[PDB]
Structures are given as C-alpha cells and as structure tokens.
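Notes for the one structure printed next.
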Amino acid sequence: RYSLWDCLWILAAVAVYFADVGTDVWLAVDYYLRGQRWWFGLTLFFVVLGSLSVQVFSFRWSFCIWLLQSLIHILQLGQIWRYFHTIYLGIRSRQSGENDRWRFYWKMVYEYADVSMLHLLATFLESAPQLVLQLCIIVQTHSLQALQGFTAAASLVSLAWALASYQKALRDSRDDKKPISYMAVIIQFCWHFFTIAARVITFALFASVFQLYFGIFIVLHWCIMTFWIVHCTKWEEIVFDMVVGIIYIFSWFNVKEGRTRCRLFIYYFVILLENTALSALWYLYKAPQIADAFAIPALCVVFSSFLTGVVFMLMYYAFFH
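Read in order, the letters of the sequence shown are residues 106 to 166, 249 to 419, 426 to 514 in the deposited numbering.
The following block contains the structure:
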C-alpha cells in the first residue's frame with residue numbers, strides 16, 4: 106500500500122530519459138565531424154522542442252533564493268529534478284511523516300504522475316519525431332553508424348518506457364483502478380517497443396519511397412484517428434481527443450472505457466493494413482538503382498517484430514487477469 110522499496114526502477118527512468126536526451130544531443134556529429142545542415146537542423150529542432158516544452162510545462166506547475256535555485260534547475264534539467272524530487276519524497280515518506288494523508292506520500296504519487304505526464308509529452312514531441320527522422324535518414328542514405336542506431340534505440344526505448352510509465356501512473360494516481368506492477372509494466376513496454384519499432388521502420392521505408400505521399404498518409408491517419416476518437426470541459430475534450438489522435442499515429446493509448454477489445458482490434462487492423470500497404474508499395478518501388486536481394490529480410494524482420502509486439506500485448510492482456 107505504501108513504503109516504496111523499488112526506487113531503483115524509478116531511478117532507471119532517470120537513466121532512460123537522460124540516455125535519450127544525451128544520445129539525441131550527441132548527434133552534434135551531424136554538424137561538427139560529419140557536418141550536415143539539414144540533419145543537424147532537424148535533430149536540433151526536435152531536441153530543443155522536446156526539452157523546452159517539458160521545461161515550460163514544468164515551470165507552469249522558501250525565500251527568493253529557493254525560487255531562483257528552482258528556476259535555474261528547471262531551465263537546465265527540470266525533468267531530472269522532478270525525478271529526484273520524486274525519489275526524495277518517497278524516501279522522506281519511508282523514513283517518517285505519519286501526518287494526515289494530505290502529504291504523506293500522495294505528494295510523491297502526484298509528483299510521479301506529473302513527471303510521467305511530462306515524460307510522455309517530451310517523448311511524443313521529441314522521441315517519436317527523432318526516431319522516425321533517424322530511421323528515414325538511415326534508409327535514405329544507407330550508412331547505419333553505431334551512433335545513429337544507438338540514438339534511434341534510445342528514442343524508441345524512451346517512447347515505450349514513457350507509454351508504460353504513463354499507464355502505471357494512470358493506474359496509480361487515482362482511486363480504484365487496481366495498481367499495475369512492474370512485471371506487467373515491462374511487458375507493456377516490450378509490446379509498445381516492438382510495435383512502434385515495426386511502425387517506424389515501415390514509416391521510414393515508405394518515406395524513402397515517396398515522402399510526398401507519406402505526408403498525406405500521416406495527416407490522413409491523424410484525421411481519421413481524431414474523428415474516430417471524437418466519435419467515441427467543452428473544447429478541452431476536443432483538444433484531448435486530438436492529442437490522443439496524435440498518440441494513435443505510433444501506439445495505442447489504451448483507453449480502458451470498459452470493454453476495449455473491439456477498439457483495440459480495429460486499431461490493430463488499421464495499423465496492420467497501413468503497414469502492409471507501405472511495405473508492399475516500397476517493395477514494388479525499390480527495385481531500381483539498388484536491387485536489394487537482402488531486402489526480403491528487411492521486410493520479414495518488420496513483420497516478425499510486429500507479431501512479437503502483438504504477442505506481447507496479448508500476453509499482458511491475458512495475464513493481467
């Protein structure tokens with residue numbers, strides 16, 4: 106019920122977030138040793154947006252010295268400050284503090300919910316565009332340096348970890364809704380990781396094939412998902434539905450809403466149909482120039498990863514109850 110002991114997994118969230126941002130900013134090679142104006146500009150823009158939106162939202166939520256210290260700490264590493272503040276609140280609750288339930292450790296749960304929400308925002312403003320852009324660059328110019336691969340993997344693990352952690356916080360920071368344990372959080376992270384991996388690989392392949400049609404596809408998918416969600426606090430509901438529609442481009446937001454099997458099946462069918470269409474079109478439009486006889490593994494790995502992601506999702510869905 107209380108007295109948190111597994112703070113190591115919360116510390117691992119700090120490691121994952123810092124690894125993501127550090128690997129993303131390590132792409133200064135695209136401007137210093139391997140100077141590329143477009144790639145450096147895109148990566149820097151994504152990193153700046155992801156690391157400034159979260160900072161602004163954290164600032165938007249004891250003399251003037253403390254105010255200045257917290258302001259500087261925000262401006263530099265606000266998200267990591269939130270993580271270590273969560274750790275400190277948990278430690279203080281464990282040590283003592285048998286006061287009213289006002290601030291016993293619900294302060295820690297509130298802080299964890301806020302930091303997971305900020306992590307999700309940063310992961311869908313920085314990690315997802317960074318991952319897709321890096322995959323598109325890898326497939327556009329076939330030079331998969333270990334730095335690019337590690338940065339893409341860091342963005343992917345940040346995205347999947349953000350999804351799993353947000354689901355944990357949502358199941359944690361409210362009454363009822365039985366809390367989800369790390370044994371299920373890791374499985375959800377794995378299925379998000381694999382499904383998003385397949386999705387972004389297909390996105391990169393179809394982008395290299397015809398990015399002009401890929402942009403129309405992405406806006407059409409966002410519009411369709413937004414319309415589906417609004418089909419299922427006056428304009429704030431519409432804004433939240435549009436945000437969930439943006440989330441639906443890559444992964445599945447997992448709105449419980451009672452029965453969810455039908456919506457999950459429809460979303461999986463839509464994404465599988467889109468991925469199959471993109472893979473088939475790219476394969477039909479990859480023969481000229483470089484006729485890759487090894488492109489068959491390049492399409493089989495995507496479908497194997499997608500199948501493993503679906504299998505992990507089914508395993509979590511079945512074993513949670």
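Using N, Cα and C, we set each Cβ at its ideal position, and we do this for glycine too.
As assigned by DSSP and simplified to three states, the class of residue i
i, result
"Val-448", "coil"
"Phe-376", "helix"
"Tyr-476", "helix"
"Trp-289", "coil"
"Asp-125", "helix"
"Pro-490", "helix"
"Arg-279", "helix"
"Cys-419", "coil"
"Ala-511", "helix"
"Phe-250", "coil"
"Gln-141", "coil"
"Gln-354", "helix"
"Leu-320", "helix"
"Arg-361", "coil"
"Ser-303", "helix"
"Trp-131", "helix"
"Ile-405", "helix"
"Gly-265", "helix"
"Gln-327", "helix"
Check: residue i C-beta below 7 Å from any heavy atom of the ligand FMN
i, result
"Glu-467", "Among the components of this structure there are no ligands whatsoever, and the ligand FMN is therefore not found."
Separation of residue j from residue i, as counted between CA atoms
i, j, result
"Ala-385", "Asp-111", "32 Å"
"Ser-342", "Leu-507", "24 Å"
"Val-448", "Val-296", "21 Å"
"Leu-471", "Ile-403", "13 Å"
"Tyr-509", "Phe-151", "32 Å"
"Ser-156", "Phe-250", "27 Å"
"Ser-314", "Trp-144", "15 Å"
"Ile-383", "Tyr-122", "18 Å"
"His-514", "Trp-253", "47 Å"
"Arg-142", "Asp-135", "8 Å"
"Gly-140", "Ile-367", "46 Å"
"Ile-405", "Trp-289", "45 Å"
"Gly-265", "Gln-482", "48 Å"
"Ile-431", "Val-417", "7 Å"
Pair within 8 Å by beta-carbon distance, residue i and residue j
i, j, result
"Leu-262", "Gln-160", "yes"
"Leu-399", "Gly-277", "no"
"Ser-352", "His-306", "yes"
"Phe-311", "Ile-439", "yes"
"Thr-148", "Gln-354", "no"
"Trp-415", "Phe-505", "no"
"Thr-389", "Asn-468", "yes"
"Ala-118", "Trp-445", "no"
"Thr-338", "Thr-128", "yes"
Exposure label - residue i; buried when at least 16 CB within 10 Å
i, result
"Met-370", "exposed"
"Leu-138", "exposed"
"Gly-502", "buried"
"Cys-323", "buried"
"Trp-475", "buried"
"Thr-426", "exposed"
Beta carbon proximity, residue i to chain E, threshold 8 Å
i, result
"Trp-131", "Absent from the structure is chain E; it holds one protein chain and no more."
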